[PDB]
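Single-structure report; data block below.
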RNA sequence: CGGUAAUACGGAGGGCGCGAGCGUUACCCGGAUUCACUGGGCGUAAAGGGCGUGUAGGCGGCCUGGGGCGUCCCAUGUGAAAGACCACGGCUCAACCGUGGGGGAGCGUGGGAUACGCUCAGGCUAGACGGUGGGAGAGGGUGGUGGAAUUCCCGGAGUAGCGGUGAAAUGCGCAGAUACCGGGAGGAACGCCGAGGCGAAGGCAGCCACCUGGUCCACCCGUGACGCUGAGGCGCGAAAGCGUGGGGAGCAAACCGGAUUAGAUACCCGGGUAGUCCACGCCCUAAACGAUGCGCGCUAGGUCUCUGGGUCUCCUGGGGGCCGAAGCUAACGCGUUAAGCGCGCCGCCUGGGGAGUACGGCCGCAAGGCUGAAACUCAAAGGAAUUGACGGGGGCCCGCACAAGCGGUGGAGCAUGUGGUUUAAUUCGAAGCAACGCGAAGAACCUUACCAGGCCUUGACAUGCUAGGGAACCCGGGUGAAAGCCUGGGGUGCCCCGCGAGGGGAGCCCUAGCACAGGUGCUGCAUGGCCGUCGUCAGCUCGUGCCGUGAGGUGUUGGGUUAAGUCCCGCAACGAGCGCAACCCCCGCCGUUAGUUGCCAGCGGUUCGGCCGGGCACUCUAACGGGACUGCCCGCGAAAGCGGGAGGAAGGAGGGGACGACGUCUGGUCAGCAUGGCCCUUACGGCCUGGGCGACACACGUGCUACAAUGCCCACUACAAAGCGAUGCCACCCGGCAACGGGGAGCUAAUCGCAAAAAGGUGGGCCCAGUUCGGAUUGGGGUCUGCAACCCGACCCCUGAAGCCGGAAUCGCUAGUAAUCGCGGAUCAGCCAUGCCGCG
RNA sequence: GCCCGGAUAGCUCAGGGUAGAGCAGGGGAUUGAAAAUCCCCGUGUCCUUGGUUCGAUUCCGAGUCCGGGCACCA
RNA sequence: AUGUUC
Ligand SMILES: [Mg+2]
Ligand SMILES: [Mg+2]
Ligand SMILES: [Mg+2]
Ligand SMILES: [Mg+2]
Ligand SMILES: [Mg+2]
Ligand SMILES: [Mg+2]
Ligand SMILES: [Mg+2]
Ligand SMILES: [Mg+2]
Ligand SMILES: [Mg+2]
Ligand SMILES: [Mg+2]
Ligand SMILES: [Mg+2]
Ligand SMILES: [Mg+2]
Ligand SMILES: [Mg+2]
Ligand SMILES: [Mg+2]
Ligand SMILES: [Mg+2]
Ligand SMILES: [Mg+2]
Ligand SMILES: [Mg+2]
Ligand SMILES: [Mg+2]
Ligand SMILES: [Mg+2]
Ligand SMILES: [Mg+2]
Ligand SMILES: [Mg+2]
Ligand SMILES: [Mg+2]
Ligand SMILES: [Mg+2]
Ligand SMILES: [Mg+2]
Ligand SMILES: [Mg+2]
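Numbering (the working numbering), first residue to last: 782 to 987.
Spelled out as structure tokens, the structure:
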């Protein structure tokens, strides 16, 4: 029981909110709830698209949602039919009118959430974990990270004895607060239960 | 292997291997260099005999000759056939068979060779012995005799204790001890010298004499291989022990007493018999050890030391040590004093246990010794080194760890969590630290997981399919504690055939049917996620190099320094990473920006409160900056750093946060959530009313209030900070002793409100008392929240418990800390909050 | 008879204002647990009688029952 | 001085 959330630890400094609206005591409750049914819906529908973030701004009580995906192709559709329904789905579940923008994650191999998702997906499909891990870290570093770490939880290869295979390269100065360590976490659901996957990508300083 | 995902069980499919076969068991060889001739070993793994002496035996320097036994050569005989091997052939092949061919050690016979081994003969002098001359020595034996000490006896002198331990007592002592002195006895051992020396081993220590063994050196004088080893045999063999005698001071198994202890048949104390001593005779063992058989040769050196010799600053011999060449070694280590390189000879080993046991035999007075198995059993036993961890090991070093302090807990009441008991239920989890005011940041119903009873089933919730009706919605009627069951009505916007009949229609809702939902049911060793914890401890690693057969090591052992693997110095390492620190927030000094709702210094006015003008200066607010870095000075130091000083609001990490390395704990959580697997399906799901989680003979944790005078009560008067609030904070009136109730402004809040801060200060009262201390308990009468306060709420208003500072123990804190005093918040209708998180 | 002493909790024993250790039970405390160890409980006609005293288990005098020693018993 | 166990 230790190591605090490398995002939570940064926030004001180095790394920004995933939702930036204001609301007073009477309001926050309901907009936060929305935010959440929003993220939740997009979290499962845009799985194939490899989504890293779901940033949510909110102004004249109107809602813009930026979805930072690796595969905008997938969220869009051929000529944008899929993103049609997506804009209508959100509107169905929120009593409101919601801008849904896409944004290509330029390099998906520096997106901790994606790197993490990829390894998780690999595991879900009976891939060797140690290798999967080690490779993920090679990909991250090749893509110019100053350092990267990846951690698969336990029940690797299906064992009775749960474990925790880690693997890392470069600097990952978690105590350093100017660092800019993206962090990411996906599940592997398996016949044999869940393994969790943590990726840390270190990108630079100041 | 098998514990609920089993490539190891059983079956299936699939595969691999052989195939008229494939497996099994048994036995032999192999692997097994694990009986080692080829081809092993004995320092610590199993293995050097306890040491001499020596018999058989094994082995034997240099030269010359004779012999020709070994040995080698040639011929020749023999080595039957079959088999084996080569060729060619017969059965259609092959198996099987034929024919021919080459082998083959052995042994006989003849002839020959003579290097080596043997043998006979002669020779040599390098091995061995001897002569002469010198030497060192706890080598042995017998005799004596010297002083110190202990004990005892006789005295003297002197008196109250001595002795002894962790502490004591036993014991000795007034019948005179202990300490001191004189006289004497007797036994044992020899201080200093003293570390080395001698001996084959065991072992050997005052001095003197006699007897006696080994050994070294020199001259190079004599003999001339006379040598090495040595199964047996013979002798020697520590200590204990045995027999007969002696002797007996000190010591001291056993034993007796005293302690210690749970016991103490021990360790500590006081005594004490064998024995320890001597003679003679036995015993024959041992960690009898260098755990290393003896002899010889050969392979760098350095250094200390004993003892000889030397035209003596070094050489030369013999011993004893330490370090090391090459080499060996599993490693440790050994290394001209070999565990190296070699030859001779002896001894011994062959997994562990059983067991040095049994049986037998030999020896012994006995104790016992020697020789020495097997059954059965295990899958190891084991050596060395490595990384850890551990220590009632060491050094160095840290933390409120102790210590120094100050205040508490443990006692009392009560609050609260827990054990337990109880109950229909008292849901469930947390268990040393790191469970127990913990999950719970809010249990009357709800919560709520439990109990009772009454009710519901495609369901309180989801996705979707079939179908007559209904298709939104909304209202009452019975029966009920409520759920629910039964009921009767108001009444179709919408897509659309349409100008309508009438008729398609999608939401949506009920009925039945189908899939499915639901499960706080189990497993925290199936899990994720999150957390605790060691520990904010100073660590944990890596890349390449180098060291090691290797695990691994170095780096990161050392010296200094730091809060720190912080830094410095050093170094077969040079770097790096996760940690430390820094980057982030708060607090402390100042600046710039900004001037309302905040401030009010100087004005002017004034119903006093900055109220109005003005103004933002100061205070604030809050955003951005500056500022500290051992930077400067002195001293110490090689440096890092340290001591001190100055300036500065602030130093030596300025004070607090946030922050928790690789890992540990099969830690915690399936009951927050997620999740594999297991389980429930008119019930383990779901709804309700009521009860319970609040029970109380007990025990424990954390707290609160106290026991009072540095106090308590009443009046009056001050000085905060951080928060919170528009179905809420509530000013201010009024009524009420009061909780509160009626009114009722202001406040989307730097505006108005909660708000009184309390301790403090000033008055007064109490006068040491179970009290004007303390406020438990209990009776009544009220208030408020809420459908409802019986179990079970808080608050107000009129009994007055225990408790006179708390046993063994035990906690917190190092400075704006502890101690004490209040204030706010989350949860929340209300509150059992004395808790928690914060604020001053 | 005479002189001495004893009688205290269930047992074994300590002692002018006051009743105690010990053993056994039970709570605690210590330990990570368990033992060992430490602490706290509840227990009396203080033999009986009269005296002294404000107070007696304590001092006095008597008496009973024991123990020691000595008398002696019609 | 002593001071056991899992
Ligand atoms: Mg063999
Ligand atoms: Mg061998
Ligand atoms: Mg051994
Ligand atoms: Mg051995
Ligand atoms: Mg020997
Ligand atoms: Mg001979
Ligand atoms: Mg001769
Ligand atoms: Mg001569
Ligand atoms: Mg002997
Ligand atoms: Mg002897
Ligand atoms: Mg004798
Ligand atoms: Mg005897
Ligand atoms: Mg003794
Ligand atoms: Mg031996
Ligand atoms: Mg050496
Ligand atoms: Mg026998
Ligand atoms: Mg202390
Ligand atoms: Mg108490
Ligand atoms: Mg459970
Ligand atoms: Mg666990
Ligand atoms: Mg548990
Ligand atoms: Mg467990
Ligand atoms: Mg409770
Ligand atoms: Mg009292
Ligand atoms: Mg008093």
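Built from N, CA and C at the ideal position, the CB exists for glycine as well.
Residue 803 in three-state terms, based on DSSP: On the first chain, position 22 is the one that residue 803 refers to. Three-state DSSP puts residue 803 in coil, outside helix and strand.
Distance between residue 858 and residue 870 (C-alpha atoms, nearest Å): The count along the first chain starts at 1 and reaches residue 870 at position 89. The count along the first chain starts at 1 and reaches residue 858 at position 77. If you take the alpha carbons of residue 870 and residue 858, they lie about 15 Å apart.
8 Å Cβ shell around residue 891 - same chain, five flanking residues per side excluded: Here residue 891 corresponds to residue number 110 of the first chain, with the count starting at 1. For residue 891, where only same-chain residues beyond five positions count, the Cβ hits under 8 Å are 921, 924, 925, 926, 963, 982 and 984.
Residue 997, buried or exposed, once every other Cβ within 10 Å from all chains shown has been counted against 16: The question about residue 997 has no answer, for the chain in this structure spans 782 to 987.
Three-state secondary structure assigned by DSSP to residue 821: Against the first chain, residue 821 aligns to sequence position 40. Here residue 821 sits in helix by DSSP.
Cβ shell of residue 970 (< 7 Å), same chain only, five flanking positions each side left out: Translated into the one-based positions of the first chain, residue 970 becomes position 189. So the list reads 905, once near-sequence residues are dropped.
N-terminal and C-terminal residue of the beta strand (DSSP E) that residue 839 is part of: Position 58 of the first chain holds residue 839. Start and end: 832-839.
Member of 910, 903, 886 and 848 whose CA lies at the smallest distance from the CA of residue 880: Residue mapping note: residue 880 aligns to position 99 of the first chain, counting from 1. Closest option to residue 880, Cα to Cα, is 848.
Residue of 944, 928, 967 and 886 minimising C-alpha distance to residue 897: One-based indexing of the first chain puts residue 897 at position 116. Of the candidates 944, 928, 967 and 886, the one whose C-alpha sits nearest the C-alpha of residue 897 is 967.
Assigned secondary structure, residue 979 (DSSP; H/G/I helix, E/B strand, else coil): As a first step, residue 979 must be located in the first chain, where it is residue number 198. In the structure shown, residue 979 sits in a strand (DSSP, three-state: E or B).
Assigned secondary structure, residue 856 (DSSP; H/G/I helix, E/B strand, else coil): On the first chain, position 75 is the one that residue 856 refers to. In the structure shown, residue 856 sits in a helix (DSSP, three-state: H, G or I).
Other residues of its chain near residue 915: CB distance less than 8 Å, five sequence neighbours each side excluded: By 1-based counting over the first chain, the position of residue 915 is 134. Here the set comprises 948.
Where residue 814 sits in the DSSP three-state scheme: Taking the first residue of the first chain as position 1, residue 814 is located at position 33. It is helical.
Three-way DSSP call (helix, strand, coil) for residue 900 in this model: Position 119 of the first chain, counted from the first residue, corresponds to residue 900. Residue 900 falls in the helix class under three-state DSSP.
Alpha carbon of residue 834 to alpha carbon of residue 931, nearest angstrom: Translated into positions along the first chain, residue 834 becomes position 53. Translated into positions along the first chain, residue 931 becomes position 150. Those two C-alpha atoms are separated by around 19 Å.
Simplified DSSP state of residue 809, which is helix, strand or coil: As a working mapping, residue 809 is identified with position 28 in the first chain. Secondary structure of residue 809 (DSSP, three-state): helix.
Where residue 827 sits in the DSSP three-state scheme: Working through the first chain from its first residue, we reach residue 827 at position 46. Correct three-state label for residue 827: coil.
Candidates 938, 805, 831 and 843: closest to residue 888 by CA position: The residue you call residue 888 lines up with position 107 of the first chain. If we check each option's Cα against that of residue 888, 831 comes out closest.
Rounded straight-line distance, which links the Cα of residue 883 to that of residue 944: Here residue 944 corresponds to residue number 163 of the first chain, with the count starting at 1. Here residue 883 corresponds to residue number 102 of the first chain, with the count starting at 1. For residue 944 and residue 883, the distance between alpha carbons rounds to 38 Å.
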